[PDB]
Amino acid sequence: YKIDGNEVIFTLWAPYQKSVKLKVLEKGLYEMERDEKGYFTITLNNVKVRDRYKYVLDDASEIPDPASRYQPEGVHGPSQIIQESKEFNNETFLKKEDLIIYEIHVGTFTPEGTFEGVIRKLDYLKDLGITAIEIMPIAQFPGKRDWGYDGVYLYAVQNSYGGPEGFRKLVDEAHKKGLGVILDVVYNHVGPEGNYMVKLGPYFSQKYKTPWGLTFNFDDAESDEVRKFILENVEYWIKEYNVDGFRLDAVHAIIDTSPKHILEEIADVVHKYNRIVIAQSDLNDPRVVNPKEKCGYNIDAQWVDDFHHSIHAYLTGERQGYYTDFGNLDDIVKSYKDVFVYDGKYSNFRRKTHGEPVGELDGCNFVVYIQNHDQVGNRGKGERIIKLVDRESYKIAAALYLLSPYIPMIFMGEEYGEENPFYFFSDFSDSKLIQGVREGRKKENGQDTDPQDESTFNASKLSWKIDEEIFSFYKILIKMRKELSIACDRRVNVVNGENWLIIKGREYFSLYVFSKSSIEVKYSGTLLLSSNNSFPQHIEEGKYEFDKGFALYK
């Protein structure tokens, strides 16, 4: 819908449909006008905020507005008219160079499990030193318990998180404290329950498919209209919620043979309105992130799993699944200096040459992390990294990524040493999709807890039980990162021995000692932070025997 004066126009794209009725609960049932492209319209003046509606089909069946701005009673319920309060700054205050990201899943972040709860932690976040929070998909999904990837109404803010007014409030309040909100949005597929679009027109592709559901149609017959639906969604989050930016989910699953790729156009929209886009890409292809004049889509930054895997594999000894491609110290140094470990070499996991070099792009085209919703949640037993390594090792990990040239991302809970798992959970009601997610989860991941069990979700709620030592260490890591100008700067000299490595920047050097070992230190510096009490205040060039631990010098 659109609010013009006293009156509101309803627009529904539905080429498969012969005629559609607008049905406003308590008001009437109105026949809509059809243009030759398959759009049905009607201008109404008896309509006010909070009115509810559905569309009734050829079928006589009723369905919610797929473009709904609010789904008060979940995915099968009526759509409802929201206040179009359309103030948005023309510019985000977030500077990409300065970005430190905090990943949040509203549902489990906080005893409340709502936006209100996240507002309550804003001081904490601000003080920690984070500059922007990334919110996992809030697009209306079935039930109350879901990561968000089963979202099925791209424009509706999940009822149970506190709806539109809550999300709006969360972003006004984070702006008030000087933090940005980044929104995780899903354009690659659509959840299995509560999707009605199939009945309306070719929203989805015959050609291609994703593991998680039906993919959008961007390049076959009738795709102008769907390109539009997605592009207007990024416009909408910006204007109607004043979001600062986006993390785009699984971009490698957004397939488009059009003359200009839909991803280049998404970036275009966000840049038109001066915002930030991060892509999750498994492609290891600089094309996602390269400028247009270099044939790229010009997305601002992309997740680099190779950094995370390097660290995790090495430190944990783990080799299941994608970890088989990793394990050596080498892999960490590689990712530390060429960004991608798979930059065009053979992957035994994938059984093909994977990736491409990234060139001279600086570090702030990439985001790195030792934890996140996937790298915890996709483990059968949801274990956080903190269960898989010792204490020294955990802090060494935090240092490796927060002191890296790349944009770092903390996974809610990581900073204070959360020990509770993060499981896959879902809340479908359809007994065939309940049966399907359980059997799927059991076999891709070896997940023994039931995703549809409420306890599984509860187990995943952050404890807020603070480990002051770990928390303090993060606080300083973040501070020192800013003071030392580490951000984006790829000019780092890295030496390694069997069980240690030293990384040296323009302003600093770090000691990463994985086992007691004897090291030649080529620099002089004074100590900024350390994982132990065993490193000197001031060190000089010379050879030293260190115990497992990390240290930072200037």
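Numbers for residues come from their place in the sequence shown, where the first is 1.
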property: Comparing 68-76 with 459-467, the one whose average Cα B-factor in the PDB entry is higher; result: 68-76
property: Which of 438-446 and 310-318 has higher mean CA B factor, as the PDB entry lists it; result: 438-446
property: Residue of maximum C-alpha B factor among 42, 528, 487, 501, per deposited coordinates; result: 42
property: Highest-ranked of 154, 214, 407, 118 once sorted by CA temperature factor in the record; result: 214
property: Relative C-alpha B-factor of residue 553, binned into the chain's lowest, middle or highest third; result: middle
property: Third of chain Cα B-factors occupied by residue 451; result: highest
property: Residue 510 by Cα B-factor - lowest, middle or highest third of the modelled chain; result: lowest
property: Chain thirds of CA B-factor: placement of residue 384; result: lowest
property: Residue 347 CA temperature factor, ranked by third within the chain; result: middle
